[PDB]
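Peer 1: Dumping the structure here so I can ask a few things about it.
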Ligand SMILES: [Ca+2]
Ligand SMILES: [Ca+2]
Ligand SMILES: [Ca+2]
Ligand SMILES: [Ca+2]
Ligand SMILES: [Xe]
Ligand SMILES: [Zn+2]
């Protein structure tokens, strides 16, 4: 909508207070004009027609329980926007400052979040398995990364390409989490998963096998479920990324870690300059090697580390 840029305040899903960029025009809207062509958050009002209505608030204070998922959706979209711009010189998900829209309160007890080709959608969770999914900055950035992927490599959401696609989103979801620097880890969804159980999460990049996901190519899932295991076989690429960053010895193969920032630069370049819609794991390894080569030189530690990491997860 047209109006004047303001700053509201409220509370997120985990009860933390934050300021949010809003727009004033009779009501204060969850519309952030400070980033590209706007960040827009909507109320789906427990139904599934999207996007729903642009979030409207009478006094620019967002402390109602009902407000909390909207607050975090809008805020964490801004953080994610900030990461890609500041760290990779990318302007929103299409690279040309496309408007970022999100809808919260989608359906009833909906234990998921997703990118629907045009926008972010967040369930509220059933309160058992999940609380409103926008509470997790890694979940928000995972999903927005899918948009980035869809506009760049275009990895098909099936079999190995799909698994890479999932990994990329877990990878950048995690790097945005570190970027924001609130309790960062190499786990996924821990902030909003199983409110009754502490110390768990949806997936682990540091040890995928903690939840039955493969950490080695010889352990890959080959059935047809989950689009050919896109959230399952991602663990193999997740572990590779973890090792490039953090180092370690995995099934006997030692990797020299090179840190999160170089991890991000290598995988961002692979994503935007080398991967294609039908890339497989073996082509991801080659893309990552070439990317590290472009960035640091063929005799670099960085290249050497990439080779060890894929070696360690049995990807040649
Ligand atoms: Ca209010
Ligand atoms: Ca965390
Ligand atoms: Ca996490
Ligand atoms: Ca939990
Ligand atoms: Xe983005
Ligand atoms: Zn995903």
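One is the number of the first residue shown, and numbering goes on along the chain from there.
According to its header, the structure was obtained by X-ray crystallography, 2.0 Å.
Cβ atoms here come from the backbone N, Cα and C positions, even for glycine.
Below, the features straight out of Swiss-Prot:
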{"type": "ACT_SITE", "residues": "143", "note": "active site"}
{"type": "ACT_SITE", "residues": "231", "note": "active site, proton donor"}
{"type": "BINDING", "residues": "57, 59, 61", "note": "Ca(2+) 1 binding site"}
{"type": "BINDING", "residues": "142, 146, 166", "note": "Zn(2+) binding site"}
{"type": "BINDING", "residues": "177, 183, 185, 190", "note": "Ca(2+) 3 binding site"}
{"type": "BINDING", "residues": "193, 194, 197, 200", "note": "Ca(2+) 4 binding site"}
Peer 1: May I ask for the distance between residue 231 (active site, proton donor) and residue 166 (Zn(2+) binding site), taken between their Cα atoms and rounded to an integer number of Å?
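Peer 2: One finds 6 Å between the Cα atoms of these residues.
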Peer 1: For ligand 6, pick out the binding-site residues 166, 183, 185, 193, 194, 197 that have a CB under 6 angstroms away from one of its atoms.
Peer 2: 166
Peer 1: Out of the binding-site residues 57, 59, 61, 146, 200, give me the one sitting nearest to residue 190 (Ca(2+) 3 binding site) by CA distance.
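Peer 2: Closest recorded candidate to residue 190 (Ca(2+) 3 binding site) by Cα: 200.
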Peer 1: Cα-Cα separation of residue 193 (Ca(2+) 4 binding site) and residue 59 (Ca(2+) 1 binding site), in Å?
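Peer 2: Approximately 31 Å lies between the Cα of residue 193 (Ca(2+) 4 binding site) and that of residue 59 (Ca(2+) 1 binding site).
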Peer 1: Which binding-site residues from the set 57, 142, 193, 197 come near ligand 3, judged by a Cβ under 6 Å from any of its atoms?
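Peer 2: Checking each Cβ against ligand 3, none of them comes under 6 Å.
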Peer 1: What's the most sparsely packed of the binding-site residues 61, 194, counting other C-beta atoms within 10 A?
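Peer 2: Counting other Cβ atoms within 10 Å of each of the binding-site residues 61, 194 gives the minimum at 61.
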Peer 1: Based on Cβ atoms within 10 Å, give me the single least packed residue among the binding-site residues 57, 142, 166, 185, 193.
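Peer 2: Least crowded of the binding-site residues 57, 142, 166, 185, 193, by Cβ count within 10 Å, is 185.
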Peer 1: For ligand 1, list the binding-site residues among 57, 59, 146, 183, 194, 197 whose CB atom is within a distance below 6 Å of it, in sequence order.
Peer 2: 57, 59
Peer 1: Around the recorded Ca(2+) 3 site, report the further residues of that chain (criterion: Cβ within 8 Å of the mean position of the Cβ atoms of 177, 183, 185, 190; site residues excluded), sequence-ordered.
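Peer 2: These residues sit around the Ca(2+) 3 site: 138, 182, 184, 187, 191.
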Peer 1: Can you see whether DSSP assigns residue 185 (Ca(2+) 3 binding site) to helix, strand or coil?
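Peer 2: It is coil.
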Peer 1: Can you tell which of 146, 231 has the least company, meaning the fewest other C-beta atoms within 10 angstroms of its C-beta, among these recorded positions?
Peer 2: 231
Peer 1: Using DSSP, would you call residue 166 (Zn(2+) binding site) helix, strand or coil?
Peer 2: helix
Peer 1: Including all protein chains shown, what's the count of other C-beta atoms within 10 A of the C-beta of the residue listed as 'active site'?
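Peer 2: So the Cβ neighbour count for the residue listed as 'active site' comes to 26.
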